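S.K.: Questions regarding the structure given below will be posed in turn.
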Amino acid sequence: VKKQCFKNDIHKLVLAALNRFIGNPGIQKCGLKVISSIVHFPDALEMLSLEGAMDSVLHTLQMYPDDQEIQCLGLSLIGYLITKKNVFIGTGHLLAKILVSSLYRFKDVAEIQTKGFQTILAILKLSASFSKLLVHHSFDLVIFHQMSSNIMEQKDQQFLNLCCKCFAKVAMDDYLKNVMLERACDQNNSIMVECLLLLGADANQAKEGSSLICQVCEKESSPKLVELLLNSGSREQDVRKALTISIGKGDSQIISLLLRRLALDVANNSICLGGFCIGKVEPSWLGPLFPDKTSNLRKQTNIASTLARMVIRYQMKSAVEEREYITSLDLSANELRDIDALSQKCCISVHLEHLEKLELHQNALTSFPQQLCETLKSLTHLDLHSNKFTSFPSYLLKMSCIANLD
Amino acid sequence: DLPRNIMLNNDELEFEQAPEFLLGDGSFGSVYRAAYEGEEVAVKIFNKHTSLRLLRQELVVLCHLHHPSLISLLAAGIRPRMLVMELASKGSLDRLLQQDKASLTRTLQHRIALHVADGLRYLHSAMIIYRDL
Amino acid sequence: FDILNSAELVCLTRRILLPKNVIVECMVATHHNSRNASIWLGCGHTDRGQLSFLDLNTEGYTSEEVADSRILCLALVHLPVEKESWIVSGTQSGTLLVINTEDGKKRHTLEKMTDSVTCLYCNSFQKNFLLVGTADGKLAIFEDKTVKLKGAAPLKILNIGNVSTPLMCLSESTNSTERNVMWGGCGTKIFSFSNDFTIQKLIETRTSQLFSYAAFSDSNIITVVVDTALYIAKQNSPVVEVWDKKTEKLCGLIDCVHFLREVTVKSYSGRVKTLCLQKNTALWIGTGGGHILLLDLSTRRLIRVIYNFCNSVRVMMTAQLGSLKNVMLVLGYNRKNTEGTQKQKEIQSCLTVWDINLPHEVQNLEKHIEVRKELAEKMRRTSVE
Ligand SMILES: Nc1ncnc2c1ncn2[C@@H]1O[C@H](COP(=O)(O)OP(=O)(O)OP(=O)(O)O)[C@@H](O)[C@H]1O
């Protein structure tokens with residue numbers, strides 16, 4: 001019966017009906033439904049490809065962006081009638097454009113996203129070059145939002161596995177990984193940058209973006225995003241440039257997180273804040289640099305690790321199938337016309353009675369404050385020369401235990 | 001030892017040696033109309049009792065000196081030892097003097113004399129004598 | 001007057017309209033310069049390759065279906081011994097048919113490549129080689145003298161890239177008769193080779209230093225022409241890259257959209273679907289929007305933009321017909337919207353014939369106009385006084 005129906009030229013008639021008549025969306029819904037029923041017939045594929053149904057489906061999707069049923073049926077269909085000819089020699093830009101646009105416009109509809117990602121995986125099964133096109137036409141937004149939402153909203157293991165498989169096949173090339181990493185660093189998307197770093201995507205990819213840490217610091221980023229870049233590979237010069245930029249746009253947390261790598265030696269409980277020519281010092285900037293053992297490490301962002309493990313698993317499957325107070329506070333080359341900020345009570349005054357040495361030579365200080373020298377109760381090595389002093393304070397000797405005053 | 005833009009491509013040379021295509025005689029060779037790279041050109045072929053010295057005597061002026069009053073060389077071969085130069089639209093001055101002595105307005109005569117004098121002055125300023133005018 | 005004030009009207013010698021609804025993908029010219037001025041066309045309107053013969057002096061179109069899959073590229077081989085002439089075809093399936101230019105009953109296939117054959121460029125280094133570029137980044141070097149055999153094997157199957165990277169960018173060098181290095185293109189990488197068949201250079205191009213036009217700079221290479229540098233065009237790329245053959249870096253980046261902006265005002269899909277380079281005068285860019293860009297090869301100048309004759313330029317190449325050379329065969333797809341607005345299949349493939357002197361006449365004609373204008377002004381002034 002199916003063969004007789006096919007021989008009756010049903011496909012030609014239905015394609016002509018739904019192609020010649022681009023208005024009246026009801027006939028479009030009926031035609032997409034009829035084609036969807038047609039495709040799973042034994043002989044459907046060859047005649048459907050010869051008639052050129054694919055162009056009709058793509059045009060239908062173009063003229064009806066806002067309707068839901070047309071988009072769902074078309075996205076389910078596209079993967080069904082896709083062939084190697086349709087993506088021949090790497091050409092498939094209208095496909096990627098329509099798929100990404102449809103997925104982005106309807107981001108919350110689970111069925112539309114499921115059909116679209118199944119279609120995308122089916123296309124990637126044919127030609128791997130298509131992924132490049134997807135990356136070009138902003139597939140990143142859809143991928144990232146879906147991977148965030150699926151974990152945040154109801155958990156679907158099959159849908160998450162599909163998304164991770166698509167992401168793994170997209171991230172085969174190192175250049176594609178770099179592009180996705182840069183675009184994810186442009187947005188405040190710290191949840192996934194950890195995953196991308198785990199996959200690869202070295203953080204020293206300077207192509208007019210200069211230093212990633214610096215550029216992400218410019219666009220008012222979250223501290224956890226800067227932390228991921230700092231923990232991974234980052235050149236010292238770029239970190240210092242980011243420090244200068246963050247000094248320009250004064251933010252306590254980013255400055256503290258940068259100084260945590262630039263100048264801190266927890267092994268020898270020492271701060272080496274030397275030649276980093278910061279024009280001023282504030283209690284908030286070097287507050288978190290103190291140990292604060294009461295605060296403890298917290299690992300709640302296991303999502304990135306699980307996603308990276310699943311992506312790596314899919315990639316390899318495809319490959320095989322075919323006290324301790326820190327006491328050395330140093331501020332020497334800093335252009336410091338005043339250190340009055342440390343005088344006021346803050347979190348610094350909680351840990352300054354143990355400093356046990358301080359370096360302030362080669363600056364522009366004058367008249368070392370009374371409150372600060374009355375705060376430090378164990379400063380046993382205080383050197384401060386090449387400053388613009390004009391009279392000996394004579395209250396520096398009121399400290400509890402001081403030696404080697406210079 | 002010459003610029004590489006003057007070497008013949010025998011695949012692009014439609015040349016037919018015949019008395020019907022003869023344009024004129026020369027000092028030691030004869031010139032025939034032909035086609036080179038899809039354009040009407042003139043091919044000068046030398047004689048059996050000749051040598052490379054005559055070809056290099058042609059080339060010492062045709063390959064190093066460029067002027068609006070001197071004929072332009074398009075190619076110069078070695079295996080049959082021919083030259084490929086421009087084609088004058090209106091022919092030699094002998095035909096004009098003998099057959100067509102009616103278009104020789106005094107302006108045309110003055111222009112011809114001036115152009116020949118300019119060519120001679122260029123040749124003589126370029127350390128080269130002509131000896132056959 | 002404005003219609004007659006154009007060089008497009010002086011140097012467009014012939015215009016041929018092919019039969020209704022035919023999609024021809026590649027063309028070659030039967031060019032022995034004395035045998036028969038004609039064109040061979042590879043149709044692609046159906047998924048079964050058709051070879052068609054176009055007699056130019058009679059405008060006679062004769063098609064013939066011989067290939068299971070659509071023909072991608074064509075090449076003409078002329079063996080001077082015994083005055084042998086043959087034409088070789090490259091099908092999407094992977095086969096390689098060889099049929100005589102004169103005889104019509106000389107069909108004989110060859111080795112079936114792994115995948116589609118994207119180039120068949122043939123040239124002589126001396127020895128003549130018929131270079132077969134498979135769609136898997138594989139240049140299967142073949143011997144011209146071996147085309148007589150009914151089925152054979154490539155002399156040296158070179159490998160340039162994986163299946164993901166296609167090799168579809170064969171070319172040669174016409175400067176100083178340097179018929180030694182034939183700069184090609186595999187995927188997004190430019191490769192070079194000599195008669196030693198050793199890769200002297202394999203340069204990566206997918207990275208753009210500016211990283212702004214990298215959207216158009218991360219596509220497969222489609223055409224390369226070399227006179228003093230490298231000219232690179234890519235799929236859906238409004239940019240063309242002028243790369244240095246010594247420092248191996250991007251010297252220049254010419255924007256086709258920048259030159260088209262003057263004529264469009266009166267998402268720009270101004271792609272570069274083909275590119276041809278005239279000897280020493282100008283550069284002929286063929287756009288996917290139906291425009292033709294004549295650029296001054298000297299440094300940068302735009303000689304002219306030609307439009308309102310096609311909807312999309314497909315194949316641009318230089319031929320010689322009937323002892324009258326200097327004819328830039330241009331094939332375009334005139335797709336009238338009479339059938340419908342859904343891009344219904346009503347496509348006239350127009351094979352127009354130009355004269356590559358065209359970059360010259362532009363200046364000539366404009367100078368003419370300027371002189372006449374001046375004369376007019378002078379006369380009017382003499383009228384006033
Ligand atoms: N109508 C014509 N069209 C073209 N050439 C003509 C015509 N009439 C005569 N000729 C001849 O064609 C030749 C064109 O000049 P050309 O550049 O070939 O000079 P040439 O061969 O170097 O000269 P010469 O014979 O004095 O050595 C001349 O010999 C000229 O007499």
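Labels for the structure tokens follow display order: chains A, B, ..., residues from 1 in each chain, ligands from 1.
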Dump as a list in words the residues of chain C that approach chain A to within 8 Å, counting only C-alpha atoms.

M.R.: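 That gives residues 47, 135, 164, 166, 209, 210, 211, 215, 340 and 342 of chain C for chain C.
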
S.K.: Mind checking which residues fall within 12 Å of residue A:267, counting only C-alpha atoms, ignoring those fewer than 5 positions away in the same chain, and posting them as a PyMOL selection string?

M.R.: chain A and resi 291+324-328

S.K.: The selected residues should be written to file as an mmCIF file, in the first residue's frame (atoms: N, CA and C atoms).

M.R.:
```
data_model
loop_
_atom_site.group_PDB
_atom_site.id
_atom_site.type_symbol
_atom_site.label_atom_id
_atom_site.label_comp_id
_atom_site.auth_asym_id
_atom_site.auth_seq_id
_atom_site.Cartn_x
_atom_site.Cartn_y
_atom_site.Cartn_z
ATOM 1 N N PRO A 291 45.755 34.882 55.984
ATOM 2 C CA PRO A 291 45.281 33.491 55.818
ATOM 3 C C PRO A 291 43.800 33.299 56.109
ATOM 4 N N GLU A 324 49.887 30.281 61.690
ATOM 5 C CA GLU A 324 50.478 30.525 60.370
ATOM 6 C C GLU A 324 50.106 31.908 59.835
ATOM 7 N N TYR A 325 50.282 32.917 60.682
ATOM 8 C CA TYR A 325 50.131 34.299 60.254
ATOM 9 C C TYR A 325 51.213 34.646 59.243
ATOM 10 N N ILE A 326 50.830 35.333 58.172
ATOM 11 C CA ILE A 326 51.811 35.741 57.172
ATOM 12 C C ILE A 326 52.505 37.010 57.660
ATOM 13 N N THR A 327 53.826 36.914 57.889
ATOM 14 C CA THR A 327 54.577 37.992 58.540
ATOM 15 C C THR A 327 55.821 38.330 57.725
ATOM 16 N N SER A 328 55.647 39.036 56.598
ATOM 17 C CA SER A 328 56.784 39.687 55.955
ATOM 18 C C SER A 328 56.380 40.906 55.133
#
```

S.K.: Neighbours of ligand 1 within 12 Å, counting only C-alpha atoms and all ligand atoms, as an MDAnalysis selection string?

M.R.: chainID B and resid 20:34 40:46 58 62 69:74 82:97 99:100 132:133

S.K.: Need to verify the contact set: residue A:164, 7 Å, only C-alpha atoms, exclusion of same-chain residues closer than 3 positions in sequence. Can you return it as a list in words?

M.R.: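 After dropping sequence-adjacent residues, the list is residues 160, 161, 167, 168, 310 and 311 of chain A.
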
S.K.: I need the chosen residues saved as a PDB file, in the first residue's frame, with N, CA, C and O atoms.

M.R.:
```pdb
ATOM      1  N   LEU A 160      20.764  16.258  28.615  1.00  0.00           N
ATOM      2  CA  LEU A 160      22.107  16.693  28.983  1.00  0.00           C
ATOM      3  C   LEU A 160      23.169  15.899  28.234  1.00  0.00           C
ATOM      4  O   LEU A 160      24.185  16.459  27.807  1.00  0.00           O
ATOM      5  N   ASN A 161      22.952  14.591  28.068  1.00  0.00           N
ATOM      6  CA  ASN A 161      23.878  13.773  27.291  1.00  0.00           C
ATOM      7  C   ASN A 161      23.928  14.222  25.839  1.00  0.00           C
ATOM      8  O   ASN A 161      25.006  14.270  25.232  1.00  0.00           O
ATOM      9  N   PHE A 167      28.356  19.347  22.143  1.00  0.00           N
ATOM     10  CA  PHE A 167      29.460  20.218  22.534  1.00  0.00           C
ATOM     11  C   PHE A 167      30.805  19.545  22.280  1.00  0.00           C
ATOM     12  O   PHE A 167      31.758  20.196  21.830  1.00  0.00           O
ATOM     13  N   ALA A 168      30.900  18.245  22.569  1.00  0.00           N
ATOM     14  CA  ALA A 168      32.141  17.513  22.340  1.00  0.00           C
ATOM     15  C   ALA A 168      32.490  17.468  20.859  1.00  0.00           C
ATOM     16  O   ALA A 168      33.651  17.669  20.484  1.00  0.00           O
ATOM     17  N   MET A 310      32.056  14.373  31.243  1.00  0.00           N
ATOM     18  CA  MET A 310      31.164  13.779  30.251  1.00  0.00           C
ATOM     19  C   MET A 310      31.613  14.103  28.828  1.00  0.00           C
ATOM     20  O   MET A 310      31.571  13.235  27.946  1.00  0.00           O
ATOM     21  N   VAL A 311      32.046  15.344  28.587  1.00  0.00           N
ATOM     22  CA  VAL A 311      32.524  15.729  27.261  1.00  0.00           C
ATOM     23  C   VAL A 311      33.770  14.935  26.889  1.00  0.00           C
ATOM     24  O   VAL A 311      33.895  14.438  25.761  1.00  0.00           O
TER      25      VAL A 311
END
```

S.K.: Quick one: which chain C residues come within 6 Å of chain B, and what is the nearest atom pair for each with the distance in Å to one decimal, counting only C-alpha atoms, rows ordered by chain and ascending number, as JSON lines?

M.R.:
```
{"residue": "C:176", "atom": "CA", "partner": "B:4", "partner_atom": "CA", "distance": 5.8}
{"residue": "C:323", "atom": "CA", "partner": "B:38", "partner_atom": "CA", "distance": 5.9}
{"residue": "C:324", "atom": "CA", "partner": "B:38", "partner_atom": "CA", "distance": 5.3}
{"residue": "C:325", "atom": "CA", "partner": "B:38", "partner_atom": "CA", "distance": 4.5}
```

S.K.: Give me the residues near stretch 19-25 of chain C as a PyMOL selection string, where near means some atom within 9 Å (using only C-alpha atoms) and where sequence neighbours in that chain fewer than 5 positions away do not count.

M.R.: chain C and resi 41-46+61+70-73+314-315+331+333+345-349

S.K.: Export, as a PDB file, in the first residue's frame, the selected residues with N, CA, C and O atoms.

M.R.:
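In the end it all went to selection-v3.pdb:
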```
ATOM      1  N   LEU C  41      30.461  21.889 -21.129  1.00  0.00           N
ATOM      2  CA  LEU C  41      29.793  22.315 -19.908  1.00  0.00           C
ATOM      3  C   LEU C  41      29.409  21.094 -19.084  1.00  0.00           C
ATOM      4  O   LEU C  41      28.976  20.075 -19.632  1.00  0.00           O
ATOM      5  N   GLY C  42      29.576  21.198 -17.767  1.00  0.00           N
ATOM      6  CA  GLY C  42      29.142  20.149 -16.865  1.00  0.00           C
ATOM      7  C   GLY C  42      27.890  20.513 -16.096  1.00  0.00           C
ATOM      8  O   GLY C  42      27.945  21.308 -15.152  1.00  0.00           O
ATOM      9  N   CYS C  43      26.754  19.942 -16.487  1.00  0.00           N
ATOM     10  CA  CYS C  43      25.488  20.304 -15.868  1.00  0.00           C
ATOM     11  C   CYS C  43      25.365  19.704 -14.471  1.00  0.00           C
ATOM     12  O   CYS C  43      25.971  18.678 -14.150  1.00  0.00           O
ATOM     13  N   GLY C  44      24.564  20.363 -13.636  1.00  0.00           N
ATOM     14  CA  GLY C  44      24.328  19.918 -12.276  1.00  0.00           C
ATOM     15  C   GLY C  44      22.893  20.118 -11.831  1.00  0.00           C
ATOM     16  O   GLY C  44      22.595  20.049 -10.635  1.00  0.00           O
ATOM     17  N   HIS C  45      21.990  20.367 -12.784  1.00  0.00           N
ATOM     18  CA  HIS C  45      20.577  20.533 -12.455  1.00  0.00           C
ATOM     19  C   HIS C  45      19.910  19.233 -12.024  1.00  0.00           C
ATOM     20  O   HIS C  45      18.815  19.274 -11.453  1.00  0.00           O
ATOM     21  N   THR C  46      20.534  18.089 -12.284  1.00  0.00           N
ATOM     22  CA  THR C  46      20.031  16.799 -11.839  1.00  0.00           C
ATOM     23  C   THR C  46      21.170  16.023 -11.200  1.00  0.00           C
ATOM     24  O   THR C  46      22.342  16.246 -11.514  1.00  0.00           O
ATOM     25  N   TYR C  61      23.572  23.566 -28.802  1.00  0.00           N
ATOM     26  CA  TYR C  61      23.672  22.930 -27.493  1.00  0.00           C
ATOM     27  C   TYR C  61      23.252  21.472 -27.622  1.00  0.00           C
ATOM     28  O   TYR C  61      22.116  21.184 -28.016  1.00  0.00           O
ATOM     29  N   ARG C  70      26.729  14.153 -10.323  1.00  0.00           N
ATOM     30  CA  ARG C  70      26.959  15.414 -11.020  1.00  0.00           C
ATOM     31  C   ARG C  70      28.447  15.674 -11.229  1.00  0.00           C
ATOM     32  O   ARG C  70      29.275  15.413 -10.352  1.00  0.00           O
ATOM     33  N   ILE C  71      28.784  16.178 -12.417  1.00  0.00           N
ATOM     34  CA  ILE C  71      30.166  16.501 -12.742  1.00  0.00           C
ATOM     35  C   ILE C  71      30.576  17.763 -11.996  1.00  0.00           C
ATOM     36  O   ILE C  71      29.862  18.774 -12.014  1.00  0.00           O
ATOM     37  N   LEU C  72      31.730  17.711 -11.330  1.00  0.00           N
ATOM     38  CA  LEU C  72      32.206  18.854 -10.562  1.00  0.00           C
ATOM     39  C   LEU C  72      33.164  19.735 -11.359  1.00  0.00           C
ATOM     40  O   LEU C  72      33.028  20.962 -11.349  1.00  0.00           O
ATOM     41  N   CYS C  73      34.123  19.134 -12.061  1.00  0.00           N
ATOM     42  CA  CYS C  73      35.106  19.901 -12.815  1.00  0.00           C
ATOM     43  C   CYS C  73      35.479  19.150 -14.086  1.00  0.00           C
ATOM     44  O   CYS C  73      35.272  17.939 -14.201  1.00  0.00           O
ATOM     45  N   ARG C 314      29.273  32.691 -11.633  1.00  0.00           N
ATOM     46  CA  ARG C 314      29.665  31.360 -11.192  1.00  0.00           C
ATOM     47  C   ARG C 314      31.070  30.976 -11.639  1.00  0.00           C
ATOM     48  O   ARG C 314      31.914  30.650 -10.800  1.00  0.00           O
ATOM     49  N   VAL C 315      31.354  31.003 -12.941  1.00  0.00           N
ATOM     50  CA  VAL C 315      32.647  30.574 -13.469  1.00  0.00           C
ATOM     51  C   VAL C 315      33.192  31.659 -14.385  1.00  0.00           C
ATOM     52  O   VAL C 315      32.527  32.052 -15.352  1.00  0.00           O
ATOM     53  N   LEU C 331      30.201  33.064 -16.932  1.00  0.00           N
ATOM     54  CA  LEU C 331      28.960  32.312 -16.848  1.00  0.00           C
ATOM     55  C   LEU C 331      28.192  32.774 -15.618  1.00  0.00           C
ATOM     56  O   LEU C 331      28.730  32.773 -14.507  1.00  0.00           O
ATOM     57  N   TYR C 333      24.149  33.143 -13.520  1.00  0.00           N
ATOM     58  CA  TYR C 333      22.847  32.541 -13.247  1.00  0.00           C
ATOM     59  C   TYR C 333      21.817  33.660 -13.151  1.00  0.00           C
ATOM     60  O   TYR C 333      21.690  34.310 -12.110  1.00  0.00           O
ATOM     61  N   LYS C 345      12.545  27.404  -9.137  1.00  0.00           N
ATOM     62  CA  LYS C 345      13.587  27.130 -10.116  1.00  0.00           C
ATOM     63  C   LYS C 345      13.205  27.683 -11.484  1.00  0.00           C
ATOM     64  O   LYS C 345      12.601  26.983 -12.303  1.00  0.00           O
ATOM     65  N   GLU C 346      13.556  28.947 -11.731  1.00  0.00           N
ATOM     66  CA  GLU C 346      13.507  29.560 -13.058  1.00  0.00           C
ATOM     67  C   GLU C 346      14.841  30.278 -13.227  1.00  0.00           C
ATOM     68  O   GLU C 346      14.954  31.478 -12.968  1.00  0.00           O
ATOM     69  N   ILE C 347      15.854  29.536 -13.664  1.00  0.00           N
ATOM     70  CA  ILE C 347      17.221  30.035 -13.739  1.00  0.00           C
ATOM     71  C   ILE C 347      17.712  29.881 -15.168  1.00  0.00           C
ATOM     72  O   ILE C 347      17.837  28.757 -15.672  1.00  0.00           O
ATOM     73  N   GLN C 348      17.986  31.006 -15.822  1.00  0.00           N
ATOM     74  CA  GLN C 348      18.670  31.003 -17.106  1.00  0.00           C
ATOM     75  C   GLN C 348      20.161  31.171 -16.849  1.00  0.00           C
ATOM     76  O   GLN C 348      20.596  32.209 -16.341  1.00  0.00           O
ATOM     77  N   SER C 349      20.938  30.148 -17.193  1.00  0.00           N
ATOM     78  CA  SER C 349      22.391  30.225 -17.096  1.00  0.00           C
ATOM     79  C   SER C 349      22.934  30.883 -18.357  1.00  0.00           C
ATOM     80  O   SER C 349      22.919  30.284 -19.438  1.00  0.00           O
TER      81      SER C 349
END
```

S.K.: So that I can check the surroundings of residue C:365, please list as a list in words every protein, DNA and RNA residue that reaches within 8 Å of it, counting only C-alpha atoms and ignoring chain neighbours fewer than 2 positions away.

M.R.: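 Here the qualifying residues turn out to be residues 5, 6, 7, 361, 362, 363, 367, 368 and 369 of chain C.
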
S.K.: Quick one: everything within 9 Å of residue A:377, counting only C-alpha atoms, minus sequence neighbours fewer than 4 positions away in the same chain. Send it as a PyMOL selection string.

M.R.: chain A and resi 352-356+373+399-402

S.K.: Name the residues in contact with residue A:290 at a cut-off of 12 Å, using only C-alpha atoms, excluding same-chain residues fewer than 2 positions from it; report them as an MDAnalysis selection string.

M.R.: chainID A and resid 256:257 259:260 263:266 269:271 283:288 292:295 323:329 347:352 354:355

S.K.: Return the single residue from A:244, A:86, A:102, A:36 that is closest to residue A:278, with distances computed using only C-alpha atoms.

M.R.: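 Ranking A:244, A:86, A:102, A:36 by distance to residue A:278, first place goes to A:244.
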
S.K.: Can you list, as a ChimeraX atom specification, all residues belonging to stretch 211-349 of chain A that DSSP tags as helix (DSSP H, G or I)?

M.R.: /A:212-218,223-231,236-248,252-262,266-268,302-321,340-343,347-349

S.K.: With distances taken over only C-alpha atoms, which residue among C:298, C:357, C:269, C:281 lies nearest residue C:256?

M.R.: C:269

S.K.: Could you tell me, as a PyMOL selection string, which residues of stretch 47-102 of chain B DSSP assigns to strand (DSSP E) when given the backbone?

M.R.: chain B and resi 73-76+82-85

S.K.: Which residue is closest to residue A:116? Choose from A:9, A:71, A:41, A:17 and count only C-alpha atoms.

M.R.: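 Checking each candidate against residue A:116, we get A:71 as the closest.
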
S.K.: Tell me, in Å to one decimal, how far atom CA of residue A:83 is from atom CA of residue C:273.

M.R.: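 Calculated distance between atom CA of residue A:83 and atom CA of residue C:273 is 23.5 Å.
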